[PDB]
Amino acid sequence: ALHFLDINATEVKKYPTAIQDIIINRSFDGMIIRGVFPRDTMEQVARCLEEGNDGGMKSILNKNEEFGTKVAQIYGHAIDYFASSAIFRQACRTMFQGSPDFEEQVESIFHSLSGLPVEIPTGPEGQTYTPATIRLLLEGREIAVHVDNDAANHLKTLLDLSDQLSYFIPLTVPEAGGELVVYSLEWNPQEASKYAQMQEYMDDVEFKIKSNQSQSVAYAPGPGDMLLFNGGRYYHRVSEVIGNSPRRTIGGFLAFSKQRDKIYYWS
C-alpha cells in the first residue's frame, strides 16, 4: 500500500507535520508539491547549463562513463566532496539569481512542512555539505531501480531518527519517459542476508519487480514541481528518457537531527 499527497506549493502550510507523518508515523509515503519554483526560473537555470554560463558548474560534472546507461551524469560529488560542494552552492546561487534562491526557497518548503529549523549539514571544522546535486538523463538513459539506504560518517552524528526522505525538482523534463516509478517493495536487511552478494539480491529484487508482485506508483513532475518521498524505505527507479530533450533534476536527501530539533538536507 503506497499513499501520496498532491498539493500546490501554496498549500504547504496546511501540512505542518508532513515530514513527521512520512518518516516517524509512516501514515503516508510521499507527496508532490506543484510549482515550488517558477517555470521562468527553471528555464532560466536550464539555459545557463545548456549555454555554458553556469557559474563554473561544468567543472564539477561527473559523466559516469563506465557505468553505462542506467546511471545519470551528475553535477557535484554525491555521497574531494567538500570542494565540489562549495563550487555547486556558488554556481547554483549564480543561476537562480535569487528569483527565488534555491536554498532559501527549498528550506522554506521543508520548514512549512515540519515547523523545525532547516540547515545544510556541516563538516568537522565548518565545511559545508552540498545541499543538492543536478542529475542529467539524456535520451536512452535511465536510473536503475534502487533504495537510498545507509564518508561513513560525520552526518550520522547529526541525524538518524530514522528514515531518510528523497527530494527533487525538475529543471527540464523529457518528451516521454523520465518517470519516477516507486515500488511497494521495501529495503529489508533480512532478505538481503539470504544472498551471498548484492548482485544476487538485486537480481531477485528485479525479478520481484518484473513479476509485478509489488504495487507501483509513477510520477512525472513538471518543471518546478517538487517530489518528496521515502526513498530510503522503498525501491524506485527513473524510467528511460524518450526524445532529444534531457531530464534535468536538482535533488538530494533530508532527515531529522539526532534530537529531532532540526531538519538537515544535503546530497
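Start at 1 with the first residue shown and count on from there.
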Looking at the deposited sequence, how many residues between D150 and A151 were given no coordinates in the entry: none, 1 to 3, 4 to 9, or 10 or more? 4 to 9
Hey, how big is the hole between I79 and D80 in terms of deposited residues without coordinates: none, 1 to 3, 4 to 9, or 10 or more? 4 to 9
Report the stretch with the higher mean CA temperature factor, choosing between 113-121 and 133-141 on the basis of the entry. 113-121
On average, which has the higher Cα B-factor in the deposited entry, 154-162 or 172-180? 154-162
Select one of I33, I242, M202, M42: the residue whose C-alpha shows the highest B-factor in the crystal structure entry. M202
Sorting the chain's modelled residues by C-alpha B-factor, tell me whether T249 ends up in the lowest, middle or highest third. lowest
So where's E206 on the chain's Cα temperature factor ranking, which third? middle
Is the Cα B-factor recorded for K194 in the lowest, middle or highest third of its chain? highest
Assert third(CA B-factor, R89) within chain per record equals middle
Position of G68 among the chain's modelled residues by C-alpha B-factor, lowest, middle or highest third: highest
